[PDB]
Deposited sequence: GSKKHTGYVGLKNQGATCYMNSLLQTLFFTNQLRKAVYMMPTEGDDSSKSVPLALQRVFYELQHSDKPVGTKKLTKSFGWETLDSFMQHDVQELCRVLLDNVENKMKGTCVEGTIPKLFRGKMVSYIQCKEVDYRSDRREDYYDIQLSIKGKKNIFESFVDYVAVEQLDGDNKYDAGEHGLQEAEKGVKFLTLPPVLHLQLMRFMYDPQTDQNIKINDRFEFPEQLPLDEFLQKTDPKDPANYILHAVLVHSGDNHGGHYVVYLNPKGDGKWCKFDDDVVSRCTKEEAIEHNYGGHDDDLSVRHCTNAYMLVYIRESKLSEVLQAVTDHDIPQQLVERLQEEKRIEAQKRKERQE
């Protein structure tokens, strides 16, 4: 494959999986390399740690470690990974980066890549009164219980909810009305991070293992309030984050097609291997997926830009090799 894996150094669960995904987000990798981090602390800085891991993954011929990372962002209790979830670990990661790339030539790259626009609204039935509001999203959680494929989920996500009596809406000025409450998409970011909800709550959490399908190609113009010609919302599956187990244990993996070309690889901790399209997609409908990444067709070449070794500044490169030199002593 040419690509190197991450070391299994404890119960990082999904962290490794996620990291590989961010690594193969090339415009994110480049931008991360451009962060001003010569003044930062070797073990306490998050942004420096993510540089180290990315550099290491690009150059090392030996599985890469991640202890300085987990130390940087301070998840170190016996279950701080078991009890958090991926959107969380992501946010911790991308907000430290968002904010470091600020008054920099690469400022705004995170929003550029991940931010989308929602409009959420309530609307009174009998009496006339409307409440519309814009929200920014960096990821989307989709339900699965009673859903066969992603299309159903999207149709369910934008579905209107009813606010019938006993649960009517406080129009305040206009009293208690029955109301239709819904959400609509204005825009979808270059990179779609969709999470599946396979962990529920307290009927009596439980990992749902119910069959749930998803395509290599995902068309989303129906869900946009306004399509445009000349940039449709057509999306190319890039990565499939997988887990096999229950609410007590399991094993986490990610299937990736890094160059978006449809040549897939499985990343099992320290063991990358080629694999079929079938093993990455269809074989994880339910050993099932819990998060998917899509990139917009029109954006692929700009998101998966080639990354030379010259793209790392030398001040960085010097620094890291130094840290390797010291940390080579018995």
property	result
Missing stretches, numbered from 1 on the deposited chain sequence and kept in order	1-5, 210-212, 295-305, 350-355
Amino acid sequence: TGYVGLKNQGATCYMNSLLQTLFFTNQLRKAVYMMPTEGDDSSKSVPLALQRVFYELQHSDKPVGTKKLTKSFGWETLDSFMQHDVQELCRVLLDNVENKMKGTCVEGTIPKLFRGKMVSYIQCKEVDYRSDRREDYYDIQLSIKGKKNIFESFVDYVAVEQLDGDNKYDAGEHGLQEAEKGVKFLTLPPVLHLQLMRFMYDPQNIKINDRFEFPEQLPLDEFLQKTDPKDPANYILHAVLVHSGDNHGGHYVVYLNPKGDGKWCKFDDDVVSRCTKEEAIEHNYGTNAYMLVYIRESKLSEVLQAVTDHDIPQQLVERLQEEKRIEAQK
From here on, numbers count along this sequence of modelled residues.
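By rigid core we mean the largest C-alpha set that fits within 1.5 Å across both forms.
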property	result
More variable segment, 39-47 or 26-34 [Cα RMS over structures in 9 other deposited structures of this protein, core-superposed]	39-47
Greater root mean square CA deviation, 167-175 compared with 190-198 in 9 other deposited structures of this protein, core aligned	167-175
Across other compared entries, residue 245 missing in at least a third	no
Residue 203 left out of the model in a third or more of other PDB entries	yes
36-44 set against 301-309, stretch whose average Cα temperature factor tops the other in the entry	36-44
Stretch with the greater mean C-alpha B-factor as recorded in the entry, comparing 157-165 against 238-246	157-165
Out of 219, 108, 229, 215, residue topping the C-alpha B-factor column of the entry	229
Among 257, 77, 141, 187 - the residue whose C-alpha B-factor is largest in the record	77
Third of the chain, ranked by Cα B-factor, where residue 195 sits	lowest
Ranked C-alpha temperature factor of residue 82 among modelled chain residues, by third	highest
CA B-factor placement of residue 6, once the chain's modelled residues are sorted into thirds	lowest
Where the record places residue 114 (Cα B-factor, split into thirds across the chain)	lowest
Third of the chain, ranked by Cα B-factor, where residue 56 sits	lowest
